[PDB]
Structures are given as structure tokens and as C-alpha cells.
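Chemist: Mind folding the following:
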Amino acid sequence: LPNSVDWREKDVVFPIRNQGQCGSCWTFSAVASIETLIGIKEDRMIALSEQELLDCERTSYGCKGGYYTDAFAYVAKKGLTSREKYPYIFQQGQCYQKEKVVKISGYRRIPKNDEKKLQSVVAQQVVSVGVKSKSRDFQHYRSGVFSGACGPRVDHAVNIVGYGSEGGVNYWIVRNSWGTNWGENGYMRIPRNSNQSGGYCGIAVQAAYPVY
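Modeler: Numbering: from 1, shown residues only. Provided below are the atomic coordinates:
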């Protein structure tokens, strides 16, 4: 495996987005993983609709949380339209089935706590993960390899877009949907192979990724 991976430098990751208040992080995480997968497999960068998932994915809770795994299943069964055709309106609305621009074939779930298998997959694509976000340290993070306190429970869907090392401290590169004023232009470097079981802030507890 490569010592370092950063899909942002590979022309397959769109700019950081902002979910606002709506608990639609799961739609952002699912969309981010699919967008990059389509970029890797087809060399096509097409911005996809979080709003369709929020409005139309029936296992989730709209602005009160949801499942990127089931979002993958939805895209595999029904396809997904573009962000231009169906933009994000910061709240759940009427479910529209517009012209779809992409499918996937399925998804896979990574075993709990297996950062080694996680690294294997991150070296090939972007992965959807959940983190324990509900803490002052996590919300107020600005720069560096995060060393602060996590929330009590996994409650926030994000993505891993790469991995690397600074001063011999291994980290994952985490894409969030809180806009660019959070962290390092919207991203966080979180310890990799850390001493927290489930990964730092639970990042390895429930990882999943789309299959083209």
C-alpha cells in the first residue's frame, strides 16, 4: 500500500459542502463516496444530489439522521440525479424522481475496528465513516492532527479521502460537511492506528463504501 494517499490531489473530490443545521450528513457522506468512485472508474466528475437522498431514501430520518449504507442501496436500485438538477435546500422536501445521472452496483461494510482493512480500501477510493462529533474539541478543531476529546457516541457521518503522516504521526484525512471554516478548509486530520478502540472518535466502527 502507498505510504500516502490523498484523493483530493487526484481530481476526483469536489469542494467541501455545508449541510447547515439539517442532520443530512449521511446524504453528504454517501454522495461524496459515490462522486469519487465515479471519478476513479470513469474519469468523470459529476456533482450528485444530497437532496434526493434526504427526500427519497426511506430508511432514514430526513434532517434527524440516516444511513449512508442504505443510501448506497437506494442508488444501486434507483439511481441518483445531479446536484444541478436537484439542489440542496437545507431541509427535507417533497421527494422528486428526476432524470438520474449515475448508478452504482452495491456496497460493502468494513468489519468493526479494522483500520488495516480500512487503509486498504482508502488506498483505492473514498470511504464513508461515522465519528463521535458531539464535543467542544471536535466542533472547534482548526488545524493539526486532532488530539482532543471526541463525543460520547458515533453520531456524525463523514468521509475518509486519504491518509498520511506528519512527524511520524499517522492520520486519516476526513472530509466533513460543515463548510470550509471548520478545521483545515473543511477537513480534519484524525489519528490513524490510534489507541482508541474503534479508531479515533470511532472512525473505524461502521465504515462502508460503494461498489461500482
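Chemist: strands paired with the lengthiest strand in the chain, and their directions?
Modeler: With secondary structure taken from DSSP state E, the chain has its longest strand at strand 156-166. Next to strand 156-166 in the sheet, as set by DSSP bridges, lie strand 5-6 (antiparallel), strand 127-131 (antiparallel), strand 169-175 (antiparallel).
Chemist: Just send those back as JSON lines, with distance to residue 63 too.
Modeler: All C-beta atoms are positioned from the backbone trio N, CA, C, and that covers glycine. Compiled in JSON lines, the strands paired with strand 156-166 are given as follows (distance: least, C-beta to C-beta, whole Å):
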{"stretch": "strand 5-6", "distance to residue 63": "31"}
{"stretch": "strand 127-131", "distance to residue 63": "17"}
{"stretch": "strand 169-175", "distance to residue 63": "20"}
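Chemist: Among these, which comes closest to residue 159?
Modeler: Residue 159 lies closest to strand 169-175 among the strands paired with strand 156-166, at 4.2 Å (C-beta to C-beta).
Chemist: List the contacts of that closest one.
Modeler: For strand 169-175, contacts defined as C-beta atoms under 8 Å, 6 or more residues apart in numbering pick out 6, 8, 13, 16, 32, 122, 126, 129, 131, 145, 158-165, 186-193, 199, 203.
Chemist: follow-up on the earlier one: for the strands paired with strand 156-166, state which one has the densest average packing.
Modeler: strand 127-131 (a mean of 28; mean count of other C-beta atoms under 10 Å).
Chemist: Pull the residues that contact that strand.
Modeler: 29-30, 32-33, 68-69, 110, 118, 121, 138, 150-151, 154-160, 174, 190, 201-209.
Chemist: Are any of the residues you listed buried, and if so which?
Modeler: 29-30, 32-33, 68-69, 110, 118, 121, 138, 150-151, 154, 156-160, 174, 190, 201-209 (16 or more other C-beta atoms under 10 Å).
Chemist: Out of these, name the ones that lie in helices.
Modeler: Counting by DSSP state H, the buried ones among the contacts of strand 127-131 place 29, 30, 32, 33, 68, 69, 118, 121, 138 in helices.
Chemist: Grab the nearest non-local neighbour of the first one.
Modeler: Counting by C-beta to C-beta, 6 or more residues apart in numbering, the nearest residue to residue 29 once its immediate chain neighbours are dropped is residue 157, at 3.9 Å.
Chemist: Name the residue closest to the centre of this protein, please.
Modeler: residue 159 (2.6 Å; C-alpha atoms, centre = their mean).
Chemist: Give the closest residue to it in space, chain neighbours not counted.
Modeler: Counting by C-beta to C-beta, 6+ apart, residue 159 lies nearest to residue 175, which is 4.2 Å off, once chain neighbours are set aside.
Chemist: The one you found bridge partners, please.
Modeler: Under DSSP bridges, the beta-bridge partners of residue 175 are residue 159, residue 187.
Chemist: Check the gap between the residue nearest to residue 18 when sequence neighbours are not counted and residue 3 for me.
Modeler: Nearest non-adjacent residue to residue 18, counting by C-beta to C-beta, 6+ apart: residue 179, 3.7 Å away. Distance of residue 179 to residue 3, given as C-beta to C-beta, to the nearest Å: 30 Å.
Chemist: Compare those two (neighbour count), which wins?
Modeler: A direct count of neighbours by other C-beta atoms under 10 Å for residue 179 and residue 3 places residue 179 higher, at 14 against 8.
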